[PDB]
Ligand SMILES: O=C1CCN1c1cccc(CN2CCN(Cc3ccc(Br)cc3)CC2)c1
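The chain below stands alone and is given as structure tokens, in the form deposited without the ligand.
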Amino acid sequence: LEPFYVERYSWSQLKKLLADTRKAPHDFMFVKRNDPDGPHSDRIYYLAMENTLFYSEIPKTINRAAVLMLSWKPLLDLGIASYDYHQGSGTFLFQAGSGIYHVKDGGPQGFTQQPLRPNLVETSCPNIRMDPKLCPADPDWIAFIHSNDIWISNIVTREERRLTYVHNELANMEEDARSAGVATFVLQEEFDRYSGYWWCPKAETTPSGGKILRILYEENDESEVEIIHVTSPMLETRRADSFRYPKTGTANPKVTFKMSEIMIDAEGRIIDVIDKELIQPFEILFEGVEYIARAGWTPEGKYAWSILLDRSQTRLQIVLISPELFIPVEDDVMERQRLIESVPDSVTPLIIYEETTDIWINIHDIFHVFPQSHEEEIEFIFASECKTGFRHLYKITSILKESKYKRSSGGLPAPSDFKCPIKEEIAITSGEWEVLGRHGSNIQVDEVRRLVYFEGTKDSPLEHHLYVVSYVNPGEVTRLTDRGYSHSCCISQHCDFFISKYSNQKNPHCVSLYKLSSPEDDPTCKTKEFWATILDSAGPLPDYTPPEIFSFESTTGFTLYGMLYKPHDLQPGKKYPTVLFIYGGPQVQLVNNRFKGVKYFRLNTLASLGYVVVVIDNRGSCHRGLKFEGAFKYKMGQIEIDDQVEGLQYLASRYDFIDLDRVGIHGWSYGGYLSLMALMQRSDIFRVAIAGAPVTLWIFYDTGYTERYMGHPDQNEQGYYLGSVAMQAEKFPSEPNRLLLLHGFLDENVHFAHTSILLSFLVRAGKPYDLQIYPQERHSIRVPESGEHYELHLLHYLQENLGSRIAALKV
């Protein structure tokens, strides 16, 4: 064998090649036409290219010889991120820039043929308005956030009112702290729980003959949370912004629950508002809870629910919270004494389902609730990894029992006093595969036919196929998407059509509309049909040779998957240099059968310079159950590279053109962390390491993430020590050219402190580094000029220290 060498370009010549070589539809919704005679069945509304609202028409019959391309009809007159709806009126609502707008299409006021004009919601608010949500009960009321407080605005009467008076926007950060109706830093980053207020879909009637609308919300008080100083984006000022960051082992925000009551008289104006806190403290009612993972209302509207975790995140609880638990707020001490006794004892919180595990609770969106079937029962579907070790739907019926705790007593509650008995727990699915419940995946639930649809890993972990099965008497799981592709699917609310954003490794991404059929003898059975196309493909894209997906049976008893990009125009005899992209952290799988030319376009660019690009999903990656993910608990850093080195040596034996005297590693966030761990642990295997936003020291990262995977720092001092590359600075090479550090100077998530503190110890260890800073970038890179420079320095750094003979000369 004789080593291949890559093109020694200049700096500007590399900028040439990048500069030269150069979003999908989403948020679908279905509305049927109520059309006695006419042709079209449905009219859908969705978001795509500024990025705004489109609509389309679904024909009742198609010429099955030809392929129907559906038309992108524009819904608006002239981006848009997330919209709301109310079918009973047709009332839309959405955000675009600072302003909020509304139209009508479907309901009592017709189907518009042409693009209807966007009518604005006017305001008496001094600041930007965030997170607009429609009330289902009243189609005319909406709610939104303004300076960490909830307002409501009426888009016909033009009547506005501030509901929560918590955040004093004139007072500064250090003294203020509180919020009401927004999620904190942790709950948005680590739990994808972006909103913090939820409308009630019903309204109680008053003695005057009107209604009372309801809004649930949490009240965070971040007073004990650590203040941290990130540098301000305007480097001109030479100042830093103070923002709250609950570091591992420190206090999280003082969470507690609240609820509103808006009396609307017969005319439609607000009578009088009542703001309501809990009957007792959050510590006493919900004992040992330290996070509010999700919340919302029952379709009934009688109970408001919330999923609640303990601090270590090893105890999920689903609790029902009836509005009769809340009382109005009062400064008068003995008036509240009277308010508490008038509320009964039997009106009590109800833990309808508790579960534990010695790994962790992965929080998911899936929680369908059925209408109140029997009197003191609640039928509901829920997902859980706890039982089998894999996420499966369990139909549960919990007895809504009167509590053994009476607050009148004076005594304090025991741990089991709000635990409901279980009538049943029917496992709807089962196996060595999971149901998906994050990133827009959930469950479409037919209640007449009594079915349930879902995404999962049944056919393969590499493909996210659509599946269907009954919830009453469950059994066989019917696949609804063609093999070889991966699918992020959306089913109709009427269960007759479904749309499937799909791609694979060779062919780019598309979208397709599909019709579901069902024999009239048997509701259970369902078959699909290729109905239409919403977006045609980009074809075998020019200059793009993808990687062939490989798997290998690991020495740890797992089928570890991987992507292998081979050098474009392959030379037998001449072995090539090798580069290894990586993330290998929780909540993320890189290797699946999907088009990796969109986001991972550069990997292909490296393949067309003579770099062997390899990618592996080590133990810890998602979509493969709790036991596979759970491998690294308390042991982040320690195992991951050994899986990568193993999977690399499978490619080394099979394909000997991979030169293991020229091995490079690169990644972002956790990816950069492992890239440092690679060079630190395996100096012998790995030549160069390029660390993007490296987590160098786990005591600096937030609670929500780190306590989940590593526990509380005090009870795992070694796991933190071993998992923190900053401590182990002496273990790095005494050889330059092998350690590049890349980091955004304004990083809120993986603080630049990680890099600076690592560098501090690297300096006193006497260890060389190379370093680039992108001073205008936060966590990722969200500016063209920075991104251009990153890629430009990446390819040149590899060229100068891995690929070409000048790099071979440096040793």
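In this text, residue numbers run from 1 along the sequence as written.
Here the subject shifts to the form deposited with the ligand bound, a form of this protein not shown in this document.
Enquirer: Which of these residues, 471, 628, 467, 600, gets a heavy atom within 4.5 Å of the ligand in the entry with it bound?
Expert: In short, 600.
Enquirer: Note which of 70, 29, 781, 48 lies within 4.5 Å of the ligand in the entry with it bound, where distance is taken over heavy atoms; exactly one does.
Expert: Partner contact (heavy atom, 4.5 Å) among the options: 781.
Enquirer: In the entry with it bound, which of 491-499, 411-419, 662-670, 397-405 comes within 4.5 Å of the ligand (heavy atoms)?
Expert: Result of the contact check: 662-670.
Enquirer: Although the ligand is absent from this view, report whether residue 790 comes within 4.5 Å of it in the entry with it bound, heavy atoms only.
Expert: Yes.
Enquirer: State yes or no: in the entry with it bound, is some non-hydrogen atom of residue 14 no more than 4.5 angstroms from a non-hydrogen atom of the ligand?
Expert: Result no; residue 14 lies far from the ligand in the entry with it bound.
Enquirer: So in the entry with it bound, is the ligand close enough to residue 747 to count as touching (4.5 Å, heavy atoms)?
Expert: Residue 747: yes, in contact with the ligand in the entry with it bound.
Enquirer: Evaluate residue 581 for contact with the ligand in the entry with it bound, applying a 4.5 angstroms cut-off between non-hydrogen atoms, and reply yes or no.
Expert: The answer is yes: residue 581 has a heavy atom within 4.5 Å of the ligand.
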